[PDB]
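First comes the structure, then the notes that go with it.
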Amino acid sequence: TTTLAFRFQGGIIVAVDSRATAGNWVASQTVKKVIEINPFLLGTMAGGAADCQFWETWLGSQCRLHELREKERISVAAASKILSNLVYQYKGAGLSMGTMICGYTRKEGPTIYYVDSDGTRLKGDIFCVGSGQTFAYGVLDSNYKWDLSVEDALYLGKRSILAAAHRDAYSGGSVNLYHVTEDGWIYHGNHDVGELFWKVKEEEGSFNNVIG
Amino acid sequence: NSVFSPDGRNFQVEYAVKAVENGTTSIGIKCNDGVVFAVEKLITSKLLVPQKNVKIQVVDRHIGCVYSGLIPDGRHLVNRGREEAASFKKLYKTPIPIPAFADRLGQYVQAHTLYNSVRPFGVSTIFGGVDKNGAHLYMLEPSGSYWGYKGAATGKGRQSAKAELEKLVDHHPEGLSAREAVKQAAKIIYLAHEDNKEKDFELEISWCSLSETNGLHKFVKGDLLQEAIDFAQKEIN
Amino acid sequence: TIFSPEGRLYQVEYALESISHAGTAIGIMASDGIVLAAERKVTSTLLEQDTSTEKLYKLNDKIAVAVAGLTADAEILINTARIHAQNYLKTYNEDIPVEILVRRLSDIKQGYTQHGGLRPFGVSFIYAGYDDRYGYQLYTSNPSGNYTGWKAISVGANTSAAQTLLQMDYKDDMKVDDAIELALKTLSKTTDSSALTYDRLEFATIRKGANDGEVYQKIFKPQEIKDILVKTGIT
Amino acid sequence: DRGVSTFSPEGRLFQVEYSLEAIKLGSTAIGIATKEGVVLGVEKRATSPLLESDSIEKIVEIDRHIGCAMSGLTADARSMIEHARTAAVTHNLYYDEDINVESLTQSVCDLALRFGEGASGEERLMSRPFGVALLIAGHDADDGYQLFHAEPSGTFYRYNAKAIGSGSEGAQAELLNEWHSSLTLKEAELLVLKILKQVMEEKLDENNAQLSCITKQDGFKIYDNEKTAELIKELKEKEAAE
Amino acid sequence: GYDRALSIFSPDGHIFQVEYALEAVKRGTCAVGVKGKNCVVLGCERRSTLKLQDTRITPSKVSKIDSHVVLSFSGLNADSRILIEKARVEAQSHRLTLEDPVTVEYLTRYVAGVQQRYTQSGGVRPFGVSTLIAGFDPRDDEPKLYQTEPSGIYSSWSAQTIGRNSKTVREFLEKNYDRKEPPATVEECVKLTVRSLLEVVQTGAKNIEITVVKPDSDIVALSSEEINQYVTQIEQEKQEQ
Amino acid sequence: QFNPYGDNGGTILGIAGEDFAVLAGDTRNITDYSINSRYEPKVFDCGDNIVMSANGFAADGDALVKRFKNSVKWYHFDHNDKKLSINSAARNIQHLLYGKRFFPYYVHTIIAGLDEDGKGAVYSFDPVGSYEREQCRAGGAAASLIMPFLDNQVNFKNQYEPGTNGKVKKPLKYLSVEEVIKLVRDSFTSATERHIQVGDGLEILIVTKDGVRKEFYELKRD
Amino acid sequence: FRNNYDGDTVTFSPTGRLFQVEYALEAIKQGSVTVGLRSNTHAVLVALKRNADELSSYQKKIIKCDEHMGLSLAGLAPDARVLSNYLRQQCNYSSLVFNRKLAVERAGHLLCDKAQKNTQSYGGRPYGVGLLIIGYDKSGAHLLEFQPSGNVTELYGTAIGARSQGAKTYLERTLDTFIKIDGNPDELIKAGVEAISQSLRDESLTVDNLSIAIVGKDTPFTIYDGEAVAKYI
Amino acid sequence: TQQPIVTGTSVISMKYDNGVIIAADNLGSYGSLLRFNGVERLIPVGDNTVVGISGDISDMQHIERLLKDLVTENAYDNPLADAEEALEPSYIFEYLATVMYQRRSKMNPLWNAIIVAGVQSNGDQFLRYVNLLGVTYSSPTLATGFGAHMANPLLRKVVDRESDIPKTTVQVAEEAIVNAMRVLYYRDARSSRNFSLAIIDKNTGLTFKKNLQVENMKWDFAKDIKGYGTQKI
Ligand SMILES: Cc1ccsc1CNC(=O)[C@H](CCc1ccccc1)NC(=O)[C@@H](NC(=O)c1ccc(OCc2ccccc2)cc1)[C@@H](C)O
Ligand SMILES: [Mg+2]
Ligand SMILES: [Mg+2]
Ligand SMILES: [Mg+2]
Ligand SMILES: [Mg+2]
């Protein structure tokens with residue numbers, strides 16, 4: 001699994017791969033590793049599939065409950081801390097998740113929280129999580145700039161997953177892309193690594209380790 | 001309930017007895033190797049299905065119970081009796097002796113006359129069966145009182161039934177067979193019906209005899225039931 | 001626990017009614033100490049004066065109470081109060097601030113006022129204490145669970161009378177020796193007995209510890225009361 | 001005075017009956033169900049001119065497809081809404097769908113039953129029935145727009161229209177005449193607004209009365225003060241011309 | 001152990017115990033809250049009966065719940081302590097989990113919920129207390145004032161009063177409070193708050209206490225010398241024709 | 001030590017058509033190297049036009065199916081006889097599985113039916129409740145054998161247009177129910193040839209707007 | 001005699017009577033009429049539904065318990081919900097554990113025992129609802145009458161509710177005819193709809209009045225409401 | 001956590017045209033000590049069902065008591081206990097399978113392998129297996145332990161699929177069982193010569209044979225076997 005999220009000039013980019021494994025067996029290439037908690041909130045999934053799916057869906061319920069109770073969208077900080085504190089209650093029981101809770105609110109600005117099953121919760125501008133995290137990090141860090149355009153930042157996200165999908169055996173399938181702004185999240189499409197790799201090699205002149 | 005009157009009585013228990021007196025008449029007859037139970041079933045309407053509102057209950061395999069009063073209370077008491085009999089068999093392997101079983105019910109019923117939060121049971125229960133050393137018949141009042149019986153009756157027709165029951169003990173001092181007592185049970189129920197004549201009735205008999213049922217509780221049905229009905233109809237006139 | 005159509009708590013008012021018959025207890029707070037004086041309920045020659053304390057109890061080294069009401073009820077509350085102080089000491093390595101201890105007790109009393117259908121404690125307290133935030137403090141609490149702070153105060157019998165006399169002669173710059181004098185005078189005037197003799201009194205001070213910088217609780221021995229009853233001029 | 005769940009000789013539960021009286025004391029609420037939505041309206045009833053009228057919450061959202069109006073001891077309604085909201089959200093968590101309006105109402109009426117101690121069967125964590133009635137209104141795929149009336153007795157009825165509160169007797173017979181199956185949403189908004197004006201002690205404006213609806217398309221919405229004002233204007237002009 | 005129901009319905013539809021809890025509030029010392037353009041002021045009366053008190057140590061009526069929200073009350077003094085403590089706990093817990101202080105509405109909704117719960121639980125009696133809760137939401141200049149009662153009902157008020165003779169001061173406040181022209185400053189808001197008490201207090205010495213709240217956790221208590229200056233100026237200015 | 005788990009073999013396969021779905025599974029149940037039964041069904045009609053298989057440890061499989069069938073029954077009781085849609089069933093099963101997250105049902109579970117718009121649908125779950133909608137999915141023993149075949153012959157993967165220099169793909173057209181059944185039977189004969197736990201019989205459950213249809217085919221018994 | 005003796009379900013009257021239980025019985029007579037009857041092949045429930053207003057819905061009187069069992073209610077409706085829930089569970093337990101359809105008679109015994117515990121507990125109250133339970137089991141068609149006292153009796157036919165005495169006299173008269181309506185559902189339903197007529201000071205019974213339920217040999221328990229009952233008026 | 005102590009070995013069974021046959025030897029082993037020599041491991045329940053149990057004998061005696069407690073309980077308030085509401089083989093099986101599964105799930109199993117054999121009320125043959133894990137399966141032939149490895153292959157030569165069942169006579173099936181028992185005696189070190197066998201026939205009823213023995217054993221050929229390779233004398 002490779003997942004990333006970064007903050008920049010014009011909001012948040014969120015990008016994930018779509019491969020699921022059991023040992024060396026590739027179980028799925030079409031897995032959805034982003035949950036759309038609401039029009040203004042995304043969550044990413046790394047670690048145990050069930051653990052993330054189940055608890056981040058539950059998170060969405062908890063957030064819906066906040067809105068009905070308080071007549072206002074939940075803050076990123078609070079949504080993250082709910083999932084954070086839940087996970088903490090289960091510490092040492094075997095839960096396995098690496099997660100990013102991403103969104104924009106009026107009061108906070110665009111915000112990313114990293115939350116794992118150890119109970120760690122961090123606010124930051126750049127995060128990569130999963131078996132291919134280091135690969136994504138290598139491209140991301142070297143080409144990142146706050147001032148990047150929306151078009152460019154989306155590409156850097158897309159390109160970083162691809163980097164990781166190429167090197168990490170446990171990442172691959174397709175890249176799923178997301179942009180988060182003032183006004184909320186917009187899907188930026190599914191991108192099969194099958195086609196994407198050859199396109200990127202051709203247009204960019206990168207990946208020379210690759211014969212033919 | 002937990003209230004003694006100034007003269008040492010328990011008015012609530014005494015009132016519970018009135019609920020018993022109000023009920024259908026039921027009887028039990030002890031024979032030389034078994035026991036017979038019989039009960040009067042008031043036919044409120046032609047809409048009641050014949051033979052299909054069974055009043056007599058079995059506890060374990062060897063015990064029969066009949067009761068007069070608040071029927072639901074009787075069922076509550078039999079449920080408990082069954083738990084109490086299962087528990088006994090679980091620990092001691094042997095099925096519960098009848099005196100042992102009587103006391104189990106006895107203590108349970110008495111307990112319901114100790115606390116202000118509960119009412120006494122609104123039934124008198126006639127019960128018994130065959131154990132390791134003979135046949136046993138018991139009757140248990142709402143107070144928890146119980147003794148052994150040669151014959152027992154309770155409910156609306158209790159007085160005439162007792163009179164008939166007292167007569168049998170005098171004519172047969174040396175025993176009385178299971179096959180005979182089944183007939184006699186039909187008779188006594190018919191005589192006791194005199195009081196509730198405004199409505200029709202249905203007769204239910206059951207027995208537990210060492211030689212006739214192999215010490216197991218069995219309902220009297222078919223040819224044996226009809227023959228007993230005949231005897232009762234023929235001796236009423 | 002229930003309310004009356006007036007918005008009063010029957011059982012509390014009746015508990016307070018019970019208290020008005022208990023022996024008067026008096027607290028007076030001076031700048032350099034505190035006085036606690038209380039009258040024992042009409043006794044007998046055969047009562048062991050030396051080994052008796054029915055009205056004055058030590059809570060910790062710096063806090064004490066004068067009791068008015070059911071003694072057995074008070075002993076229950078005192079014992080828990082003693083524990084609460086030791087819990088605080090264990091947790092913070094500081095002696096419990098007087099108000100915190102008073103509030104706690106007052107809350108336990110408020111509890112019986114609001115749930116559980118148990119009778120309230122038939123007890124009123126005068127608290128005398130010192131801490132390094134508010135110095136000398138004097139508090140009162142009753143079966144309702146309300147508590148208030150005072151410069152001088154009384155509980156038990158004739159509080160109406162005792163309070164008017166204290167209001168008259170109390171002045172903020174009093175020394176402890178003057179407060180001792182007032183407390184005894186006030187009791188003598190409000191007693192329902194011929195004379196106020198030593199055998200009918202319990203007396204305690206919380207002073208600035210002879211010569212030190214520390215705080216000392218003096219619970220007066222029977223003989224010491226007889227001495228201070230002459231000094232002030234009542235013999 | 002003996003017990004809380006005792007039967008009268010007639011065969012009625014004492015405490016349930018008196019809670020129904022408590023509801024008659026409360027503010028008027030009206031619900032009208034059409035084929036273009038359901039309208040819910042209430043009387044705010046400020047007890048003083050210094051009360052900030054818009055802090056009076058008597059119409060609340062339960063889910064996007066379910067809203068409700070209340071009447072009676074309105075504090076008793078807090079935990080009923082908590083339970084309702086939770087039931088809706090939970091149902092969605094377990095089933096990835098909307099809770100049916102009828103099912104949400106039944107759930108709320110089960111909560112209403114839990115007065116007692118345990119009642120030799122389960123457990124009851126409440127000492128008295130609720131002193132509040134609810135008008136539960138919403139949309140689902142099976143039965144479209146619906147209006148239910150949830151009572152502290154644990155029963156609930158579906159209504160084409162219904163009024164609860166102090167004006168409820170006169171308002172109900174008024175609804176008896178005006179309601180037809182062809183009503184538009186705009187017509188229904190007006191009818192609630194008209195019938196409230198009739199039964200209210202004060203003169204109805206955009207401050208002592210509140211309107212809301214639920215449509216399949218836009219969900220449950222509480223109309224704001226500017227919008228209700230324009231519908232009051234429109235009511236006056238419609239009837240002054242009659 | 002004891003869960004026997006104390007709060008029940010009357011034939012004419014009232015909950016008797018709640019209604020009597022209000023009677024306890026009726027007889028409690030008066031409290032008042034009025035909100036300015038950029039402040040909220042809280043005044044309370046103190047009884048005359050006993051006057052040999054110690055004001056350094058006696059619990060005052062206006063209590064801080066958090067650094068930006070305060071609570072005053074009328075009714076049973078002991079009951080109020082239970083509400084204030086719970087409210088303080090809830091405030092710290094809200095900061096812990098939501099990472100933000102409570103709004104004044106939230107804190108009111110919480111206190112009113114506790115109040116309501118005591119009207120429908122076996123073996124407990126309702127709170128003989130009504131509250132005024134005042135303050136400023138985090139990062140907000142718009143002032144807040146709410147009122148709760150033993151029933152569990154709550155709502156916001158431009159100005160309000162509770163306790164004995166609250167009828168008289170409410171009558172006074174309805175005449176002298178203009179919604180389009182709310183008290184423009186702290187000074188002129190405090191003055192209106194004192195005037196309203198002077199209808200009932202009849203004295204005003206250390207018998208009136210005033211707490212002022214401002215935006216962003218600025219809550220100050222007023223001293224005797226500062227209140228005196230208000231009392232003196234009011235009766236002198238308003239006397240002639 | 002006592003091991004609460006065992007492994008009863010078997011393979012299951014689910015393919016979603018356009019207006020139909022199939023869920024198939026072999027009818028052989030095994031323990032180590034012995035055969036227990038040659039015909040023990042593990043695909044079930046659960047009512048409401050949903051078919052289900054929970055393959056792996058049979059005791060955990062039956063317990064789950066039993067419990068879901070029951071969930072369907074109580075859905076009716078509580079929600080005025082509403083049809084449980086496939087997606088709602090999927091979500092429901094997730095909670096049943098995750099409910100035992102710390103003592104899992106040792107099953108790879110698959111359900112099949114028609115979605116809201118009447119399209120064929122297949123959902124597959126891991127042991128602890130992770131789930132996804134899929135066009136097709138094989139599960140159990142011979143999963144590793146069958147899945148790549150399906151990737152190739154159902155989603156036409158790595159198959160390009162003859163002569164387009166490997167750029168234009170074989171268009172992902174929809175398959176008929178006859179064409180799907182063929183692929184199933186062939187997948188299972190191949191699985192029977194190369195996996196010792198697959199054999200004996202093949203039972204297919206077909207789901208259309210008309211209900212649940214059943215089909216059976218003999219397999220090699222060695 | 002009636003004075004200090006109806007405070008709770010835990011007090012006997014000097015006559016031997018339990019007044020709370022008799023008062024709970026009076027909630028039935030207040031409730032809307034409902035009828036049940038059976039042949040050898042089928043069992044039928046017919047209920048007159050009551051609306052609280054002209055704009056309201058007619059409230060339901062028939063609850064399904066299993067594929068082979070269901071009941072009609074008369075009295076406190078929320079109580080029927082409590083009792084049918086328990087009955088649904090007992091049916092469910094029997095299927096899951098023993099793979100057995102719960103006998104209609106045992107369902108009777110089970111409801112009786114549950115009702116009883118509320119005629120002997122302090123701080124509880126009796127159930128205030130009457131029930132008519134129909135089912136098809138391994139011994140054919142069955143109909144039961146349940147009273148909140150705990151008394152459950154098996155009948156060929158009965159009615160409970162307001163003015164119910166009319167229908168009960170009718171069925172007692174029609175006995176020999178309807179018992180033999182075998183293999184004909186629509187005729188038995190007709191015999192039940194005609195039976196509920198004898199209990200009307202009310203009026204014509206409309207397509208909203210009316211609620212019918214049937215179970216039998218090859219018919220799972222089904223509920224007919226509105227449009228689907230038109231053909232019986 | 002637990003481990004079997006006194007054990008019983010295979011239970012073997014098959015269906016024939018009219019009913020089922022089930023057999024099990026009368027031994028209770030204590031490890032490799034053949035400790036008890038008269039143990040009955042076939043349990044008649046009613047007289048349409050035999051339950052055959054292998055594994056831990058203490059747990060077997062527990063299930064025995066459970067099964068007897070089930071006959072008692074079914075007879076309670078049940079006038080059709082010896083008729084239509086008698087315990088069916090499937091009822092008894094589902095109950096045991098529930099118990100078995102709950103026990104494994106509580107991490108405290110009944111250390112057994114159980115085959116429930118009988119004839120249903122409609123005449124259908126019932127044959128199903130459950131074990132300590134709650135695993136269940138059904139087949140024309142079923143056996144536990146060694147029986148699984150040696151009896152099944154021989155019994156399957158007779159009834160190989162469903163269609164073989166109506167072609168198989170009581171005599172043929174009994175013979176196949178009797179022969180399988182001999183084979184098990186030859187090769188199972190935890191087996192006995194003495195065994196019980198039960199036939200449950202839809203016409204005959206329950207025939208229960210005690211004190212059977214393995215007959216016609218081949219041993220003569222042993223006399224010629226010398227050494228382990230090269231030895232001649
Ligand atoms: C984050 C996310 C969201 C959707 S897909 C995905 C990426 N994760 C993945 O692809 C992970 C990688 C492996 C892993 C890492 C960490 C922890 C567990 C497993 N895979 C998974 O989570 C996959 N599941 C599994 O790998 C799995 C394996 C065994 C298992 O329980 C069996 C058992 C064992 C003993 C006793 C009883 C029961 C449950 C799930 C699933 C997709 O089928
Ligand atoms: Mg890779
Ligand atoms: Mg008698
Ligand atoms: Mg759905
Ligand atoms: Mg193979």
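The way I read the labels, and the way they are meant: chains A, B, ... in the order of the structure tokens, residue 1 as the first residue of every chain, and ligand 1 as the first ligand shown, with later ones counted on from there.
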How would you write, as a ChimeraX atom specification, the set of residues no farther than 6 Å from ligand 4 when counting only C-alpha atoms and all ligand atoms?
/D:97 /F:84-85,88
Writing out the chosen residues with C-alpha atoms as a PDB file, in the first residue's frame:
ATOM      1  CA  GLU D  97     -29.305   3.010   3.428  1.00  0.00           C
TER       2      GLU D  97
ATOM      3  CA  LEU F  84     -32.970  -6.341   1.754  1.00  0.00           C
ATOM      4  CA  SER F  85     -30.987  -4.953  -1.176  1.00  0.00           C
ATOM      5  CA  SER F  88     -27.352  -3.415   2.474  1.00  0.00           C
TER       6      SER F  88
END
When DSSP is applied to the backbone of this structure, which of region 1-227 of chain H are assigned strand (DSSP E)? Write them out as a PyMOL selection string.
chain H and resi 6-8+11-15+19-25+28-30+33-36+42-45+49-56+112-119+125-131+136-138+141-143+194-201+205-213
Take the selection from the previous step and output its residues with C-alpha atoms, as a compact mmCIF listing (two decimals), in the first residue's frame.
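Result went into out-v6.txt, see below:
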# COMPACT_ATOMS: atom_id res chain seq x y z
CA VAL H 6 -11.00 -42.47 28.37
CA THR H 7 -11.81 -42.84 24.67
CA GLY H 8 -13.92 -44.67 22.14
CA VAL H 11 -18.44 -45.12 14.77
CA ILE H 12 -19.45 -46.36 11.30
CA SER H 13 -22.71 -45.96 9.37
CA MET H 14 -24.51 -46.04 6.03
CA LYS H 15 -27.94 -45.57 4.47
CA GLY H 19 -33.39 -46.74 6.70
CA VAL H 20 -29.93 -46.56 8.24
CA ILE H 21 -27.39 -48.81 9.97
CA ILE H 22 -24.94 -47.68 12.65
CA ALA H 23 -22.30 -49.62 14.59
CA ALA H 24 -19.58 -49.02 17.21
CA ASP H 25 -17.44 -51.36 19.32
CA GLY H 28 -13.20 -47.61 26.24
CA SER H 29 -9.44 -47.12 25.93
CA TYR H 30 -7.22 -45.35 28.45
CA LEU H 33 -4.52 -49.57 27.90
CA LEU H 34 -7.69 -51.36 26.78
CA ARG H 35 -9.32 -50.45 30.07
CA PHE H 36 -13.08 -50.95 29.83
CA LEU H 42 -24.80 -46.37 20.60
CA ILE H 43 -27.50 -44.18 22.13
CA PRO H 44 -31.15 -44.80 21.20
CA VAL H 45 -33.25 -41.64 21.42
CA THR H 49 -32.99 -42.24 16.26
CA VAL H 50 -29.66 -43.71 17.32
CA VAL H 51 -26.79 -41.42 18.27
CA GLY H 52 -23.31 -42.92 17.90
CA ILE H 53 -20.45 -41.27 19.78
CA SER H 54 -16.66 -41.62 19.69
CA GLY H 55 -14.00 -39.64 21.51
CA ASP H 56 -13.87 -38.82 25.23
CA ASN H 112 -16.29 -36.06 20.49
CA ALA H 113 -17.28 -37.16 17.01
CA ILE H 114 -21.01 -37.87 16.74
CA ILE H 115 -23.13 -39.50 14.06
CA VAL H 116 -26.87 -39.06 14.33
CA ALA H 117 -28.71 -41.76 12.43
CA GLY H 118 -32.43 -42.29 12.01
CA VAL H 119 -35.64 -42.17 10.00
CA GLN H 125 -33.33 -41.49 5.99
CA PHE H 126 -31.34 -39.12 8.21
CA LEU H 127 -27.57 -39.40 8.51
CA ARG H 128 -25.39 -36.52 9.66
CA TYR H 129 -22.07 -35.96 11.47
CA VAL H 130 -20.94 -33.35 14.00
CA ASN H 131 -17.66 -33.14 15.93
CA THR H 136 -21.14 -30.88 10.09
CA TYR H 137 -21.58 -32.93 6.95
CA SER H 138 -23.87 -35.59 5.54
CA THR H 141 -21.72 -43.33 4.31
CA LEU H 142 -20.26 -41.74 7.42
CA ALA H 143 -17.58 -42.87 9.87
CA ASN H 194 -17.34 -56.88 20.72
CA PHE H 195 -19.65 -54.31 19.16
CA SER H 196 -23.22 -53.03 19.08
CA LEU H 197 -25.14 -52.43 15.86
CA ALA H 198 -28.46 -50.69 15.29
CA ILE H 199 -30.88 -50.75 12.36
CA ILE H 200 -33.48 -48.01 11.97
CA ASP H 201 -35.97 -49.10 9.30
CA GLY H 205 -38.65 -49.73 13.42
CA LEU H 206 -35.59 -49.77 15.69
CA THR H 207 -33.65 -53.03 15.89
CA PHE H 208 -30.78 -52.83 18.38
CA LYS H 209 -28.19 -55.62 18.49
CA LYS H 210 -25.91 -56.00 21.53
CA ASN H 211 -22.99 -58.39 22.14
CA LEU H 212 -22.02 -58.96 18.51
CA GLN H 213 -18.57 -60.32 17.65
Could you give me the residues within 10 Å of ligand 5, counting only C-alpha atoms and all ligand atoms, as a list in words?
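I would give the residues around ligand 5 as residues 142, 188, 189, 190, 191, 192, 193, 194, 195, 196, 197, 198, 199, 200, 219, 220, 221 and 222 of chain F.
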Around ligand 3, which protein and nucleic acid residues have at least one atom no more than 6 Å from it, if we count only C-alpha atoms and all ligand atoms? List them as a list in words.
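Checked against 6 Å with only C-alpha atoms and all ligand atoms; the hits are residues 153, 154 and 158 of chain B.
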The selected residues should be written to file as a PDB file, in the first residue's frame (atoms: N, CA and C atoms).
ATOM      1  N   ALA B 153     -58.894 -33.980  47.533  1.00  0.00           N
ATOM      2  CA  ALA B 153     -59.765 -33.221  46.661  1.00  0.00           C
ATOM      3  C   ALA B 153     -59.635 -31.746  47.004  1.00  0.00           C
ATOM      4  N   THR B 154     -59.830 -30.894  46.003  1.00  0.00           N
ATOM      5  CA  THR B 154     -59.814 -29.450  46.203  1.00  0.00           C
ATOM      6  C   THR B 154     -60.689 -28.769  45.161  1.00  0.00           C
ATOM      7  N   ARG B 158     -65.193 -29.835  46.567  1.00  0.00           N
ATOM      8  CA  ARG B 158     -64.288 -30.522  47.481  1.00  0.00           C
ATOM      9  C   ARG B 158     -65.009 -31.316  48.583  1.00  0.00           C
TER      10      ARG B 158
END
Output as an MDAnalysis selection string all residues of region 63-177 of chain C that backbone DSSP marks as helix (DSSP H, G or I).
chainID C and resid 71:92 98:114 159:169 176:177
As a quick test: using only C-alpha atoms and all ligand atoms, which residues lie no more than 6 Å away from ligand 1? Give them as a list in words.
residues 1, 20, 21, 22, 31, 33, 45, 46, 47, 48, 49, 52 and 96 of chain A; 104, 106, 126, 127 and 128 of chain F
